[PDB]
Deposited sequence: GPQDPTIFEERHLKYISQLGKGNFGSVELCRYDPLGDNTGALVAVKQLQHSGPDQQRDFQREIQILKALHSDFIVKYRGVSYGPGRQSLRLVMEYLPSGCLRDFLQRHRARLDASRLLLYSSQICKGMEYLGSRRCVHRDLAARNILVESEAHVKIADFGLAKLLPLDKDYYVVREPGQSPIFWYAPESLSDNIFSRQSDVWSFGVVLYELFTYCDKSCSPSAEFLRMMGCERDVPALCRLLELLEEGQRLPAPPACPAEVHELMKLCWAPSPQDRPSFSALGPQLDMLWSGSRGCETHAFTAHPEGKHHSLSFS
C-alpha cells in the first residue's frame, strides 16, 4: 500500500514535536481536490538509525487492527513518510479542556474503557506503547476515542515480558512507572501504570494547573537542590501519589491507585480493568 509522494497534497501542519512532523495532506491522484484527507508523519533531519526505528514503527502499526487504535493507511517513498487516517476532532487532552462543562463521569468512563480495550489488544500483540497520555489519544467522535502516537512503541522479545530501552533524549517522567524511571524497564505493566495517569488526566479534564507534572512538582516541595528525577523516585518510593481529582468517583481513584502499585506484578491487567470500567460506566450499584 504505497502512496505516491506527488499525489499527497500539503494542506496544513497538524503538529511538530517528539511524535515527529505531522502534516495534514490530501491524497489526490485524480488531481481535482476530491481525495481523502490523511495525517502524514515524517522525521525531519533523520539519520540512518532514526529512519530504521521509523521503519519498525510503520511495521507495528501495519499489523495492528483495532477500532481503538488509529488506522494505518500506508507509506510514501519506500525521506520515508507514514500515512495514517485523519481524525479531525484532535487529541483527547484538548477535547476535554474545551468540552469539560458537558462531559460527565460516564462519558469519561466510556473513553477509559475504549483506551483499556485498545491496550488489551496491544498487549495480546506483545507490544508496549511506552507513552500513554491524553495528548496521545485521538477523538474519532463524541463516543469514540483511539490510541495514537506509536513513535516510542516496542515489540516485546519472544522470550521476555519486558523491554530495556537504552536511547538518548527526554522522557515524560511524570507519566512513567518507577522501574522505567530507575532502570529503563518497559512492559505491559508499565503501560498499566501510565494508564492510571491517563485516568487521572481524564478526571481532571486535563486541567493544566493540576496536571501530573504540576502536581508532582508541587509535591516535591519548595527545595530544588536535588534533580527532579531523583526527587520524583523518592516521592514514589515513600508511597506518594497523585491525589484524587475533584469530583472523581472513589472507585475510579481506587483503580488509579491499583495501576500505581509499586510492584509491576501487583498492578491489574488491562483484561481485568476493562469489565470494571464498564461496570462503573453503567452507573449500577456495585
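Undergrad: So, counting the deposited sequence from position 1, which segments are absent from the coordinates?
TA: In the chain as deposited, 1-5, 84-87, 296-315 carry no coordinates.
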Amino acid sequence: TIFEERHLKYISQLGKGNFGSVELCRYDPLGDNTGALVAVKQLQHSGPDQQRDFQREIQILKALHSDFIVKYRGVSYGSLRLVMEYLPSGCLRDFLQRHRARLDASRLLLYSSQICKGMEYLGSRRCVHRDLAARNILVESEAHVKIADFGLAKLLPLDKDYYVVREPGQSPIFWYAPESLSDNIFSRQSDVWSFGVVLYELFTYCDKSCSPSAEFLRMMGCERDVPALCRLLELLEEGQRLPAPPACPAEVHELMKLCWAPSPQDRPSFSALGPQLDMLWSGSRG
From here on, numbers count along this sequence of modelled residues.
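Undergrad: Per the record, averaged over C-alpha atoms, which has the higher B-factor: 13-21 or 274-282?
TA: Higher of the two, by average CA B-factor, is 13-21.
Undergrad: Using the B-factors recorded in the PDB entry, average over the C-alpha atoms of 188-196 and of 135-143, then report which stretch comes out higher.
TA: Comparing averages over the C-alpha atoms only gives 135-143.
Undergrad: Looking at 254, 238, 67, 57, which has the highest CA B-factor as recorded?
TA: Within the set 254, 238, 67, 57, 238 shows the top C-alpha B-factor.
Undergrad: Give the position of residue 40 by CA B-factor within its chain, expressed as the lowest, middle or highest third.
TA: Within its chain, residue 40 is a middle-third residue by C-alpha B-factor, going by the deposited values.
Undergrad: Lowest, middle or highest third: where is residue 130 by C-alpha B factor in its chain?
TA: Ranked within chain, residue 130 CA B lands in the lowest tercile.
Undergrad: Place residue 157 in the lowest, middle or highest third of its chain's C-alpha B-factors, as listed in the PDB entry.
TA: Its C-alpha B-factor, which the entry lists for residue 157, ranks in the highest third among residues of this chain.
Undergrad: Sorting the chain's CA B-factors, does residue 77 end up in the lowest, middle or highest third?
TA: It falls in the top third of the chain.
Undergrad: Which third of the chain does residue 85 land in by C-alpha B-factor: lowest, middle or highest?
TA: Its C-alpha B-factor, which the entry lists for residue 85, ranks in the middle third among residues of this chain.
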